[PDB]
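Have a look at the structure below, then the notes.
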Amino acid sequence: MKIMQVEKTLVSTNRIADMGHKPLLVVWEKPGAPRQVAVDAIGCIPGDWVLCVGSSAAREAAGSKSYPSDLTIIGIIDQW
Amino acid sequence: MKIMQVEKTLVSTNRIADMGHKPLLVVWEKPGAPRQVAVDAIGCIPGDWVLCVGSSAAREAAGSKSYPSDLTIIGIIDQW
Amino acid sequence: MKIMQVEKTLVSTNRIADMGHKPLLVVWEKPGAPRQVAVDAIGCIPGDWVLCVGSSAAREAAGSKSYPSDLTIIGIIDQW
Amino acid sequence: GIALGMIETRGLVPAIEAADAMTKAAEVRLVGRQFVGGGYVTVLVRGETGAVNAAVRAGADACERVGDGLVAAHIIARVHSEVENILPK
Amino acid sequence: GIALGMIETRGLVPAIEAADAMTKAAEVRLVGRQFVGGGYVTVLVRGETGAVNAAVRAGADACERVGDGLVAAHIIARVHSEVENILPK
Amino acid sequence: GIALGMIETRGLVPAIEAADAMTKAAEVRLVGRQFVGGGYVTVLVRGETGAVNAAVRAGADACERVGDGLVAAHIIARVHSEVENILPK
Amino acid sequence: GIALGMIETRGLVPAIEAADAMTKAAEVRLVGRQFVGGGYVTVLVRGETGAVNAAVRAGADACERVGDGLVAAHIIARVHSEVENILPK
Amino acid sequence: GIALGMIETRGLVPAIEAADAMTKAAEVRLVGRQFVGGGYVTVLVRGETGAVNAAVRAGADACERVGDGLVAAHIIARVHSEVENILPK
Amino acid sequence: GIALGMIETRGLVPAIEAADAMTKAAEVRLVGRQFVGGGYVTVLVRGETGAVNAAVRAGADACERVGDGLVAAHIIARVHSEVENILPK
Amino acid sequence: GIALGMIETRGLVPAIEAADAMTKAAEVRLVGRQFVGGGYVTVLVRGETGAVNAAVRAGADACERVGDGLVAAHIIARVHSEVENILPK
Amino acid sequence: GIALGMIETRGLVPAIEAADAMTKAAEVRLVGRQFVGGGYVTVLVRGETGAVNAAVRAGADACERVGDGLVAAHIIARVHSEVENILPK
Amino acid sequence: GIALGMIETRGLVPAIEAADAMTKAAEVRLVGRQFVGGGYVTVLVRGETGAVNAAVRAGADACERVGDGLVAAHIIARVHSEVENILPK
Amino acid sequence: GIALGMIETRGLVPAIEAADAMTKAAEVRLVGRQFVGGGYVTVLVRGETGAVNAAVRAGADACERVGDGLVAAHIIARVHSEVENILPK
């Protein structure tokens, strides 16, 4: 897994219908790294340090085992 | 997921028969990055900022759960 | 997917018995990049520009869904 | 901008959960929490159309299973100038 | 003019939806929203008779399937001068 | 904005009903009405993605029950420049 | 005033009958007759709200039993400013 | 004078047969033939009330068995001044 | 280049969806949209053989489930000089 | 020469296919494409008698399985001088 | 610290029992008691994530059996800044 | 204005009851009371169209259950200039 | 171009039918006919990938029903230089 930091939120009005109702967040390693997008299964604010998992693991961690995802937030780090 | 930008379209007349009828697009992170090919499940024009997923997640996002893909476009970013 | 170029062919007399009868080719991004090995499901000559898929997608694209592969050629680009 | 999202629940715990989910899911501003009477609580957010849509969907999915539960979730993409007299600021 | 339309709902969300439908559907002015207690909310509009009929019909039809639903709708083509003390302005 | 929403109906009365419902429900601009032939009428609106989404849903729901009914409702988030020639302005 | 009534029929004979009944039964102005295609004909009137209700009811009742019959009738008590572009004058 | 008779048929052959029968059966003037769409054709004559009555009866009896046949036949003894805007001259 | 692809649908909504899908799926130029009558609409594109093949496949798969649906999709890899007189430019 | 071949189809796609097949299969000249209405499209060719037989047979066989299909095919080995007024050039 | 724990009960006696159990079980700060309406009482505590976890578990177990019982128990690890206005200090 | 409402009853008592209900329920003027013979009594009111609708509905509903009952109720939104000779002032 | 299409048939008449269908259907160049022995005839064409694809499909469909029929149809997008020695020019 990875230690990421949240920047902000992202909206796409036309997503496929299987993406459900879940939110999306922009995350990097450190400010200035390439930015990625994760589905948020916890509820996080900008400036948080979070744990991200990406694989079929991420598919099942966000929703069910056929969910269209490859990066999911699964926890908030207590101290970083 | 990744935030990509579309360059153009790609045609391969001899593809395997399981690739279906779907279109193909060329995408980079930023202009000058390495280029990749994604299957288009939305319908996008050059100059767009898009959301791309790649894994078995991408397989099921494009068509069925045995589709031969590992990079699929699943949405258009409203403002980027 | 990836846009690859073919160098040459590779032979290994002692492969595992599940690899079937399929050929193998050496591919790079551009001449001088790290070289990789793909299974050829189309039939390609050196100097071609090809489409390569790698995942469980590649497993099923080359042969059956339990084939031992992680990079397969699935088409030839008409103009590149 | 101008667009209104509303969630109504039975009790205050799912209402606070829905408000937090909305404001973490999109760029919207919370304008009101209301006790209606009889155990009904209502939360109102304002923003752009796409942001309000995304926020209300996330909030409903969040509070679906907390406490007594969700009563209603609704998006209004543009509101008449009369209704601005009864909406809170 | 002087003609009164009233709609009563369970909860605030159907009340807001119904009020919006009324004000979009006719040339009426929204004069009051009230919480009765127990989860009842009442919305009051004023105008010409035909305008009020159109507005009340549109509001009832819109809010019938939202939230906990509609309780009542009513039209009075002219009210007594005594009721103007207990009606809001 | 740049986003297209289309509704197709059997007859002109449900088409006018749908166009009115759209323009009241969202901030979109009406660009065209078209007689296909055989009794088909199409209405086209332009705007932003969320506004067009909301308008098309509202219009489909409104015109479903009028006359001969609804045939099709569809949204396109952005359009290729080639289609601009065959789209009315 | 600004209230719109619409009747759609199969063929021109019931349309003419309905238009005549409307104009005899209320104080409305006839603003348009249109051929859709496939045998659909639509007639449009403008006036006050109560006048338009009376006219539309009389026209539908008159033309229900003439020719191939009535397809639809509809009243809109006020229309958006956008629809005035596609509405004939 | 002022009186309007109309016949509608399926196809042009029964329509021409009906028009000829009308003008041979009374002292009326033919003001219009219209293609409506979908295979409907309408014929309109003008005159005195008794002449229009007799002409329309004869025309219907003539065209009832020709081609695909008669759809409708109608007499209006006096027409509103509004409908004169959509009637041909 | 010289190659012609054509799609025919029932209604204008699937036709516009197909045209957009074609032009986003390949490097082809749109030369015509035609109303044929009875509710048939046809879209024609021109280009190279492989581009036209890919475009027509994508367009058919796109419009198969929209509205009333697809009637026909066809590719002609080279066309006689006589047919160029009836093709639009 | 002066010999006429005709093919009538449902829709424009089978008509284009049939015309192309005709012009590839014989030495004929394509003189007309016409929309009848209701979705009928007719294609007309001129030439020698044997050329026209070959062309009409090839066109019908090609287009029988495209789109909505073939309606009719016909050869006339010589036409009257009167028909040249209604025949396109 | 910054973490919110909430319990909602039916009546005030189980709420006071729950608040006492929380404050004895962990190091949290009690920020508010709220009467919702209809007999609902809510208690809110703040602290660190582990302390709030432990406190909410202890309080739910304590108040489960008193009076009318427990309605809801919930933890939020950190709250968005918009919710801070509607939360008591 | 010029819109007529009529109610006919059996006996004078339901007639008086209905007239009182009409005048309290709308802004109408009472122009006539007539004894037909055989026990029929008719009451006539004049006003605006919506006013007359409200008044006639209130009168019929009031007098249905009094005396020997209601026979008929009718609204005419505008009457011919000829009928003004036989209507009382 | 560099792309090879081949068809094999039982007899020479279906081979000539197939070759004619190919060269009419696409822009390919015919390079060879071969008698294998035992009654097999093979026809080879060269060109671009899309044109060769289209030609081989057209040829297979054309020759499938003539004589003894079709044996094989195949496309190769590009060939190794070693096979160029055994292919005809």
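Read-outs throughout are calculated quantities, based only on the coordinates presented, and are distinct from any laboratory measurement. Note that each Cβ is placed from the backbone with ideal geometry, even for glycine, and that neighbours are counted across all protein chains shown.
Which number in (1) away from chain G (no Cβ under 12 Å); (2) buried (at least 16 other Cβ atoms within 10 Å of the Cβ); (3) of a type in the set (D, E, K, R) marks the one condition that H:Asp20 misses?
(2)
From the list C:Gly75, C:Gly43, exactly one residue is in a loop (DSSP other than H, G, I, E, B) and within 14 Å of chain B (Cβ to nearest Cβ). Which is it?
C:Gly43
Among what's in region F:55-76 and is buried (at least 19 other Cβ atoms within 10 Å of the Cβ) and assigned to a strand (DSSP E or B), pick the residue that is nearest to the other protein chains (Cβ to nearest Cβ).
Across region F:55-76, the extreme among qualifying residues is F:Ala72.
Quick check: anything in region A:50-68 touching a strand residue (DSSP E or B) at 6+ places or on another chain (Cβ under 6 Å), of a type in the set (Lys, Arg) and either more than 20 Å from D:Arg57 (Cα to Cα) or assigned to a loop (DSSP other than H, G, I, E, B) (or both)?
no
Can you find a residue that is more than 12 Å from the chain's Cα centre (by Cα) and without any contact (Cβ under 8 Å) to a residue 12 or more places away in the chain anywhere in region C:19-32?
yes
Of all residues being within 11 Å of chain D (Cβ to nearest Cβ) and in contact with a helix residue (DSSP H, G or I) (Cβ under 6 Å, 6 or more places away or on another chain) in region E:31-54, which is nearest to G:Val52 (Cα to Cα)? Just the residue, please.
Ranking the candidates gives E:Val45 first.
Looking only at region D:31-46, count every residue that is crowded, with 24+ Cβ neighbours inside 10 Å and under 18 Å from A:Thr9 (Cβ atoms) and tell me the total.
1
So B:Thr13 fits all but one of (1) on the phi > 0 side of the Ramachandran plot; (2) free of Cβ contacts under 8 Å to residues at least 12 places away in the same chain; what number is the exception?
Of everything listed in (1) on the phi > 0 side of the Ramachandran plot; (2) free of Cβ contacts under 8 Å to residues at least 12 places away in the same chain, B:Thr13 misses just condition (1).
If you take the residues in region E:45-89 that are among the polar types (S, T, N, Q) and more than 12 Å from the chain's Cα centre (by Cα), which one is farthest from G:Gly47 (Cα to Cα)?
E:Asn85
Within region G:41-54, how many residues turn out to be of a type in the set (S, T, N, Q) and either under 18 Å from F:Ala15 (Cα atoms) or part of a loop (DSSP other than H, G, I, E, B) (or both)?
Count: 1.
Within the group G:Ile7, G:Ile2, which residue is surrounded by fewer than 22 Cβ atoms within 10 Å (Cβ to Cβ), within 14 Å of chain F (Cβ to nearest Cβ) and on the phi < 0 side of the Ramachandran plot?
Selected residue: G:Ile2, the only one of G:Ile7, G:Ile2 that is surrounded by fewer than 22 Cβ atoms within 10 Å (Cβ to Cβ), within 14 Å of chain F (Cβ to nearest Cβ) and on the phi < 0 side of the Ramachandran plot.
Taking the stated definitions as given, is A:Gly54 crowded, with 22+ Cβ neighbours inside 10 Å and either more than 14 Å from chain B (Cβ to nearest Cβ) or touching an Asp or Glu at 6+ places or on another chain (Cβ under 7 Å) (or both)?
No: the conditions fail for A:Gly54.
Taking region A:16-36 only, how many residues are surrounded by 20 or more Cβ atoms within 10 Å (Cβ to Cβ) and in a strand (DSSP E or B)?
Qualifying residue count, region A:16-36: 3.
Within region J:79-88, can you find the residues that are loosely packed, with under 10 Cβ neighbours inside 10 Å and charged (D, E, K, R)?
The answer is J:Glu82, and nothing else.
Considering (1) surrounded by fewer than 19 Cβ atoms within 10 Å (Cβ to Cβ); (2) out of contact with any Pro (no Cβ under 8 Å at 6 or more places or on another chain); (3) among the β-branched types (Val, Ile, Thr), say which one D:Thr49 fails and leave the rest.
Single failed check for D:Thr49: (1).
With the structure loaded, tell me whether C:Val39 is more than 23 Å from B:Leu24 (Cα to Cα) and surrounded by 16 or more Cβ atoms within 10 Å (Cβ to Cβ) or whether it fails that test.
In short, no.
Would you confirm, using the coordinates I've provided, whether E:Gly1 is closer than 21 Å to D:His80 by Cα, assigned to a loop (DSSP other than H, G, I, E, B), touching a helix residue (DSSP H, G or I) at 6+ places or on another chain (Cβ under 9 Å) and of a type outside the set (S, T, N, Q)?
Judged against the criteria, E:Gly1 is a match.
Go through (1) under 22 Å from D:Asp20 (Cα atoms); (2) in contact (Cβ under 8 Å) with a residue 12 or more places away in the chain and name the single condition K:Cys63 misses.
For K:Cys63, the failing item is (1).
Could you check region I:9-40 and list, in sequence order, the residues that are within 9 Å of the chain's Cα centre (by Cα), assigned to a strand (DSSP E or B) and under 20 Å from F:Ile76 (Cα atoms)?
If the condition is that a residue be within 9 Å of the chain's Cα centre (by Cα), assigned to a strand (DSSP E or B) and under 20 Å from F:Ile76 (Cα atoms), then I:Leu30, I:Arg33 are the ones that fit.
Confirm whether M:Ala3 is in contact (Cβ under 8 Å) with a residue 24 or more places away in the chain and out of contact with any strand residue (DSSP E or B) (no Cβ under 6 Å at 6 or more places or on another chain).
yes
Looking only at region H:55-72, which residues are among the β-branched types (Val, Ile, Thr) and over 10 Å from H:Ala18 (Cα atoms)?
H:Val71 - this is the single residue of region H:55-72 that is among the β-branched types (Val, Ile, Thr) and over 10 Å from H:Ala18 (Cα atoms).
For F:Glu82, work out the one condition from (1) in contact with a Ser or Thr (Cβ under 8 Å, 6 or more places away or on another chain); (2) touching a residue at least 12 places away in the same chain (Cβ under 8 Å); (3) of a type outside the set (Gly, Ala, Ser); (4) within 13 Å of chain I (Cβ to nearest Cβ) it doesn't fulfil.
Of everything listed in (1) in contact with a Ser or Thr (Cβ under 8 Å, 6 or more places away or on another chain); (2) touching a residue at least 12 places away in the same chain (Cβ under 8 Å); (3) of a type outside the set (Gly, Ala, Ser); (4) within 13 Å of chain I (Cβ to nearest Cβ), F:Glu82 misses just condition (2).
Which residue, of B:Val26, B:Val6, B:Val11, is more than 7 Å from every other protein chain (Cβ to nearest Cβ) and in contact with a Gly (Cβ under 8 Å, 6 or more places away or on another chain)?
Going through B:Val26, B:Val6, B:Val11 in turn, just one is more than 7 Å from every other protein chain (Cβ to nearest Cβ) and in contact with a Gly (Cβ under 8 Å, 6 or more places away or on another chain): B:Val6.
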